[PDB]
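Chemist: Pasting a structure here, questions to come.
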Amino acid sequence: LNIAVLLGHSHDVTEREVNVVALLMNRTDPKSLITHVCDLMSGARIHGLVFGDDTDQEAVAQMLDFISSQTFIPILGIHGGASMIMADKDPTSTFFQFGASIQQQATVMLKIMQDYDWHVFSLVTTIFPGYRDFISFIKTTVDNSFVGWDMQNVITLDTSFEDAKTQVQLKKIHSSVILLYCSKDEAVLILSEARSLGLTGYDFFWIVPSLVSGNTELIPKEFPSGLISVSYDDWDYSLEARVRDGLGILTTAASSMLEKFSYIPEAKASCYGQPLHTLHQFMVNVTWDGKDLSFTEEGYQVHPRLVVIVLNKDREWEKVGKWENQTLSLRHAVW
Amino acid sequence: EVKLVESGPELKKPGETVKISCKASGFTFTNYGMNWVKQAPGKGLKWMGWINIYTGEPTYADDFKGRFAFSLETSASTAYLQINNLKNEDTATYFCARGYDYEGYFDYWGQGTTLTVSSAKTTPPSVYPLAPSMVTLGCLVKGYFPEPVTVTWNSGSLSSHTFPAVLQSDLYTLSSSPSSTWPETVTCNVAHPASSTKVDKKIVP
Amino acid sequence: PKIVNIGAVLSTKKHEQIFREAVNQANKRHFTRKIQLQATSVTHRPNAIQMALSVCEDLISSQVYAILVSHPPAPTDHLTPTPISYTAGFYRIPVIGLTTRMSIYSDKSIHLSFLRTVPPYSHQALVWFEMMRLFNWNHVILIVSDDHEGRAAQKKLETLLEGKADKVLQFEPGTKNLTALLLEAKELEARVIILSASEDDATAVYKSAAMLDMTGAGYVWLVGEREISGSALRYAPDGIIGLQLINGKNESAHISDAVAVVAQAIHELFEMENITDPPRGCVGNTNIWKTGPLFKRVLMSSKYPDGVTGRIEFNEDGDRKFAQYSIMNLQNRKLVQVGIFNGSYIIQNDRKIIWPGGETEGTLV
Amino acid sequence: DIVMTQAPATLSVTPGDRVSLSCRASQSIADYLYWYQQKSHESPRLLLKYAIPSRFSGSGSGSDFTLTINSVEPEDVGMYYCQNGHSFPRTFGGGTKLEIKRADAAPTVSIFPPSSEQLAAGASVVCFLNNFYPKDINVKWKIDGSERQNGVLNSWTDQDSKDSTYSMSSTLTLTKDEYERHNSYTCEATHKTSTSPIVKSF
Ligand SMILES: *[C@@H]1O[C@H](CO)[C@@H](O)[C@H](O)[C@H]1NC(C)=O
Ligand SMILES: *[C@@H]1O[C@H](CO)[C@@H](O)[C@H](O)[C@H]1NC(C)=O
């Protein structure tokens, strides 16, 4: 029925145009997230929400999952921090985000390496979330699968110690290909430091997930040229197109909601002051315009619009591959 | 950006009923309590009562029992104060104060609602201008009731002396005060809510 | 004399007074007036949403370097301080739990800004491992619920044995028909059963073992705290050995001990270069506290031996180290302390251990 | 009820000195003692909680509390209350008005005859004495040399927050016929800064 849409100034939003409520929100702080959603829920009985921020804050995703668990409002992360990989979503939440899992990105990364026979590589991570998961899947796949590899062990480090405490750990890498996993904020410090050691040269290959690339519209000066990454922010996948792709996930789930019960759960009274059924059942298997828009109990997208990108010498990202066709990738034959 | 705005000054004859409002804006309303303090002219600060907001539970003081009520409309984010059987001793300025942590200190106050429980005519004032290195001028405002009166010297352009009013036989009277002007020219301004009159004046040599 | 604020979310207005007293005593001892600590605190709000806002408006707005939090069980938060782990975690502001012992807060991927003056229920396997070393047990049976709590207690016990000494059995929680697993256990040929489950899931295992006659004679039941407290205690085998965390429910002691650690970590923090003040409020601030990750690393690396609850050190995931437990043994429907876990060894008490059903032993040698 | 007694209820500290006010409770309020500050015409403002708002310090416990201004600024002139927050009913202290010292300033005297629109209806003579220190000042009206203290209404301004001076408006309220009887109306004044009495007539 009623659906809200909160987006930022990114990718040039102007007028978004069941009933839709749109607003331009460039406050991505905890209170404003709680306020503007509760202020919507009270005074605008929204039954679902499509959110998008212009920041790279991984925590916004963790706040929407918390808000959705308390307001019982289905929230769809579309862009920015709200689509960033986070710990597994709350089982009682209706928060889902357009984003490849850690595992999907890992397979894609390995697929690039297999294409160019990059058997010898190294792994550098921080204690930042996904640090537990990223190595396991990668360590599991290489060890179990039959192919030639040299993990060169795993190098982990803390990006809050004194500089040149990070360096001593860094000089320990002996591989052309290096898998780096951390936050974008951490990545800046790491790559800035590695540049002085000469490890960001073209004789090395730094591959980073979508955690590091973040918004494909904000490139820090410390990111070295020739940085290979996988990301779901596809700057030709229009933000304006995303909400229509996100509205279809809600409307088709709400339509189905009249089947096996003929009533749409009205929005909660108010967040402040002293849920018969969940649309949760109806959103994990949505089909819309030939796009398998489907999610998992973990909350990440089933068919994620992930794209392989590289940082050009002109300081702009550019697509040099594709995934999300089905399983398998489509490199462009240049390295 | 936390602000507490109260309703303006009110005059009600002894025996009537009055309701004052405190509009909350800037904070989570149900996260605090509302405290009501009364200040007679110069007497000091007397705490009237505290009301929890998550639970609409009023807790009045022993001296303010019976004819004092703490209304509450959390949907509009406003706490009210109703006073029945007005006695002349209720002529005071009533504050609303947010209670930090629901029982703690009062970290934010309202601007103050001024109540005058008298029986009088409520007549509008009579503005008389005054005129004779540096030039100082004066604007006399005699014979008005009640006290709440707003005076801006020159369209409010000038901030940076308005004397307190003197009550003598149910009628108030006060007064207010560069050679570069050497009367541009200066015109007086007087306004007041009760008498619904906002006349002006002009100083001429 | 600059000002450094310490946040706190406590349960009662009386505990706030102890918090301000602990900060005051922190300023009398070694503060030297070189840095003045302030005590900003609010009582815990039932509503999760309303609680998360009170952190922003009352705590975060006062530029708090860290926030203390006690969580007794009166209302609405899932009985876990999630709405404050996220709000302060947004700005990497260290949150110090005082009472909550859920093993889910050990993962620095879900709560990357969280510390604990109490150990999780999974770290009770540190006593189980020491008790296996005490009686030279080398073959035990580990029955754990199938959740993140039981999986944590299993992984902690095995990592203490790794650095084939136990066969592990799991079971879907909420079940009241676990006879298939105990039959699996009764043929496993081992007399030492280590159970790790909730108060209700323990009642299911206990009475299901009462049928297969595994509640006495040649069996040894070694458990934690939730398995000897509440309903599970009433259906617990006579001769069972459980654990009771010393000062685990003393909010007042954890308050004065957490403040003592923060103050020491605050002062050694200000002996470093390039420090930024914590964010003044939530609204308008979308980036993390640049000093946050450093200050959390200082808090975990801190060591406070003269704590009122024992030596206060923190784990790699921020959990508390050197926590001392109480080794209880159910004798004639009465829990009897047969010793305590000193923190590095098991102190042998004067009382005698009664095994299930007519034999005796002690925590000696 | 708890009686919060504050003494002395008056102070005149020199600028830059250190103010130390006193609030003694009837019983023991532990640390639940908050401090407030009231500007001249504004709602009281919370200064300290639980014992620029950085020059204020709050020590004390149990039944003896003190608030301390380390370097008194001229914008700190006003009242100071202490509130028992421990036990109902919440009670306040007696309060203490904090005036400050200043350089001896002579008043700016200006007398004004009754307005032409005022005596047309039926004759107040207003006299302004502003921006002076100290506060003690004598004012005498004199009609044709003869002094008259009846019909006089004097109102005083509170001490300025930036200038730290005082002001006063004397008003000789007369009737139309009694005013037209004489023409010599003086507004004399005696002050600490006047060897000769400051006068102004028409
Ligand atoms: C320790 O905890 C118990 C239970 O809460 C309490 O009764 C006791 O007073 C506490 N002792 C101290 C010294 O805090
Ligand atoms: C535990 O007991 C041993 C035995 O003397 C001792 O070395 C150690 O310091 C004790 N620890 C504590 C905290 O008492």
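To be explicit about the labels: the chains of the structure tokens are called A, B, and onward in the order shown, and within each one the residues are counted from 1, while ligands get numbers from 1 in the order they are shown.
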Residues contacting ligand 1 - anything with an atom at most 10 Å away, using only C-alpha atoms and all ligand atoms - can you give me those as a ChimeraX atom specification?

Modeler: /C:15,18,246-256,308

Chemist: Could you go through segment 38-180 of chain D and tell me which residues DSSP, when run on the backbone, assigns to helix (DSSP H, G or I), listing them as a ChimeraX atom specification?

Modeler: /D:74-76,176-179

Chemist: Please indicate the distance in Å from atom CA of residue 56 of chain A to atom CA of residue 80 of chain A, rounded to one decimal place.

Modeler: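 It comes out at 5.7 Å.
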
Chemist: Please report as number ranges by chain which residues of chain C come no farther than 9 Å from chain A, using only C-alpha atoms.

Modeler: C: 46-50, 52-53, 56-57, 82-83, 86-87, 89-91, 107-110, 112, 282-288, 291, 293-294, 297

Chemist: For residue 139 of chain C, work out the shell of residues within 10 Å, counting only C-alpha atoms and skipping chain neighbours fewer than 5 positions away, then give it as an MDAnalysis selection string.

Modeler: chainID C and resid 132 164:167 189:193

Chemist: Using only C-alpha atoms for the distances, tell me which of A:10, A:270, A:329, A:93 is nearest to chain B.

Modeler: A:270

Chemist: Excluding residue 351 of chain C and its own-chain neighbours fewer than 3 positions away, which residues fall within 8 Å of it when counting only C-alpha atoms? Please give them as a list in words.

Modeler: residues 337, 338, 339 and 362 of chain C

Chemist: Identify all chain B residues at most 9 Å from chain D by counting only C-alpha atoms; ligands do not count. Present them as a PyMOL selection string.

Modeler: chain B and resi 44-49+60-62+95+103-112+126-132+136-138+140+161-166+173-177

Chemist: Show me, as JSON lines, the residues of chain C having an atom within 12 Å of ligand 2, each with the closest atom pair and its distance in Å, using only C-alpha atoms and all ligand atoms.

Modeler:
```
{"residue": "C:304", "atom": "CA", "partner": "ligand 2", "partner_atom_place_in_ligand_line": "13 (C)", "distance": 12.0}
{"residue": "C:305", "atom": "CA", "partner": "ligand 2", "partner_atom_place_in_ligand_line": "13 (C)", "distance": 8.6}
{"residue": "C:306", "atom": "CA", "partner": "ligand 2", "partner_atom_place_in_ligand_line": "13 (C)", "distance": 9.9}
{"residue": "C:307", "atom": "CA", "partner": "ligand 2", "partner_atom_place_in_ligand_line": "13 (C)", "distance": 10.4}
{"residue": "C:308", "atom": "CA", "partner": "ligand 2", "partner_atom_place_in_ligand_line": "13 (C)", "distance": 11.5}
{"residue": "C:309", "atom": "CA", "partner": "ligand 2", "partner_atom_place_in_ligand_line": "13 (C)", "distance": 9.9}
{"residue": "C:310", "atom": "CA", "partner": "ligand 2", "partner_atom_place_in_ligand_line": "13 (C)", "distance": 6.5}
{"residue": "C:311", "atom": "CA", "partner": "ligand 2", "partner_atom_place_in_ligand_line": "13 (C)", "distance": 6.8}
{"residue": "C:312", "atom": "CA", "partner": "ligand 2", "partner_atom_place_in_ligand_line": "13 (C)", "distance": 10.4}
{"residue": "C:321", "atom": "CA", "partner": "ligand 2", "partner_atom_place_in_ligand_line": "13 (C)", "distance": 11.3}
{"residue": "C:322", "atom": "CA", "partner": "ligand 2", "partner_atom_place_in_ligand_line": "13 (C)", "distance": 7.7}
{"residue": "C:323", "atom": "CA", "partner": "ligand 2", "partner_atom_place_in_ligand_line": "13 (C)", "distance": 9.1}
{"residue": "C:324", "atom": "CA", "partner": "ligand 2", "partner_atom_place_in_ligand_line": "13 (C)", "distance": 8.2}
{"residue": "C:325", "atom": "CA", "partner": "ligand 2", "partner_atom_place_in_ligand_line": "13 (C)", "distance": 11.5}
{"residue": "C:340", "atom": "CA", "partner": "ligand 2", "partner_atom_place_in_ligand_line": "1 (C)", "distance": 10.3}
{"residue": "C:341", "atom": "CA", "partner": "ligand 2", "partner_atom_place_in_ligand_line": "1 (C)", "distance": 8.6}
{"residue": "C:342", "atom": "CA", "partner": "ligand 2", "partner_atom_place_in_ligand_line": "1 (C)", "distance": 5.2}
{"residue": "C:343", "atom": "CA", "partner": "ligand 2", "partner_atom_place_in_ligand_line": "13 (C)", "distance": 5.9}
{"residue": "C:344", "atom": "CA", "partner": "ligand 2", "partner_atom_place_in_ligand_line": "1 (C)", "distance": 5.6}
{"residue": "C:345", "atom": "CA", "partner": "ligand 2", "partner_atom_place_in_ligand_line": "1 (C)", "distance": 5.7}
{"residue": "C:346", "atom": "CA", "partner": "ligand 2", "partner_atom_place_in_ligand_line": "1 (C)", "distance": 7.8}
{"residue": "C:347", "atom": "CA", "partner": "ligand 2", "partner_atom_place_in_ligand_line": "2 (O)", "distance": 7.1}
{"residue": "C:348", "atom": "CA", "partner": "ligand 2", "partner_atom_place_in_ligand_line": "2 (O)", "distance": 10.5}
```

Chemist: Give one line per residue of chain B that approaches chain A to at most 12 Å, naming the two atoms of the closest pair and their distance in Å to one decimal, counting only C-alpha atoms; sort by chain then ascending residue number and deliver it as a Markdown table.

Modeler:
```
| residue | atom | partner | partner_atom | distance |
| --- | --- | --- | --- | --- |
| B:26 | CA | A:35 | CA | 11.2 |
| B:27 | CA | A:31 | CA | 10.3 |
| B:28 | CA | A:272 | CA | 8.8 |
| B:29 | CA | A:272 | CA | 8.9 |
| B:30 | CA | A:273 | CA | 6.9 |
| B:31 | CA | A:272 | CA | 9.1 |
| B:52 | CA | A:273 | CA | 11.6 |
| B:53 | CA | A:273 | CA | 8.5 |
| B:54 | CA | A:273 | CA | 5.6 |
| B:55 | CA | A:274 | CA | 7.4 |
| B:56 | CA | A:273 | CA | 10.2 |
| B:74 | CA | A:273 | CA | 9.0 |
| B:75 | CA | A:42 | CA | 9.5 |
| B:76 | CA | A:43 | CA | 11.7 |
| B:77 | CA | A:272 | CA | 11.7 |
```

Chemist: Leaving out residue 66 of chain B and any residue of its chain fewer than 3 positions from it, which residues lie within 10 Å of it when counting only C-alpha atoms, given as a PyMOL selection string?

Modeler: chain B and resi 60+62-63+69+83-85

Chemist: Mind dumping the selected residues with N, CA, C and O atoms as a PDB file, in the first residue's frame?

Modeler:
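That gives us selection-v9.pdb:
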```pdb
ATOM      1  N   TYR B  60       2.215  15.794  42.399  1.00  0.00           N
ATOM      2  CA  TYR B  60       2.133  17.172  42.854  1.00  0.00           C
ATOM      3  C   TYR B  60       2.743  17.329  44.242  1.00  0.00           C
ATOM      4  O   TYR B  60       2.914  16.364  44.992  1.00  0.00           O
ATOM      5  N   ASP B  62       2.450  19.000  48.130  1.00  0.00           N
ATOM      6  CA  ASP B  62       1.330  19.064  49.064  1.00  0.00           C
ATOM      7  C   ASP B  62       0.613  20.406  48.997  1.00  0.00           C
ATOM      8  O   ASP B  62      -0.609  20.466  49.178  1.00  0.00           O
ATOM      9  N   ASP B  63       1.344  21.488  48.730  1.00  0.00           N
ATOM     10  CA  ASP B  63       0.735  22.810  48.677  1.00  0.00           C
ATOM     11  C   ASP B  63      -0.050  23.048  47.394  1.00  0.00           C
ATOM     12  O   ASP B  63      -0.888  23.956  47.358  1.00  0.00           O
ATOM     13  N   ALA B  69      -3.472  20.772  38.026  1.00  0.00           N
ATOM     14  CA  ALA B  69      -3.501  19.574  37.201  1.00  0.00           C
ATOM     15  C   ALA B  69      -2.425  19.650  36.129  1.00  0.00           C
ATOM     16  O   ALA B  69      -2.160  20.721  35.576  1.00  0.00           O
ATOM     17  N   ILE B  83      -5.251  25.357  36.220  1.00  0.00           N
ATOM     18  CA  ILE B  83      -5.420  25.910  37.560  1.00  0.00           C
ATOM     19  C   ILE B  83      -6.870  26.352  37.711  1.00  0.00           C
ATOM     20  O   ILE B  83      -7.335  27.224  36.970  1.00  0.00           O
ATOM     21  N   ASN B  84      -7.577  25.756  38.668  1.00  0.00           N
ATOM     22  CA  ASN B  84      -8.968  26.078  38.940  1.00  0.00           C
ATOM     23  C   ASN B  84      -9.076  26.917  40.208  1.00  0.00           C
ATOM     24  O   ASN B  84      -8.185  26.909  41.061  1.00  0.00           O
ATOM     25  N   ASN B  85     -10.193  27.636  40.320  1.00  0.00           N
ATOM     26  CA  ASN B  85     -10.479  28.507  41.460  1.00  0.00           C
ATOM     27  C   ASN B  85      -9.306  29.450  41.733  1.00  0.00           C
ATOM     28  O   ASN B  85      -8.677  29.420  42.792  1.00  0.00           O
TER      29      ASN B  85
END
```

Chemist: Please report the interatomic distance between atom CA of residue 35 of chain B and atom CA of residue 80 of chain B in Å with one decimal.

Modeler: 10.8 Å
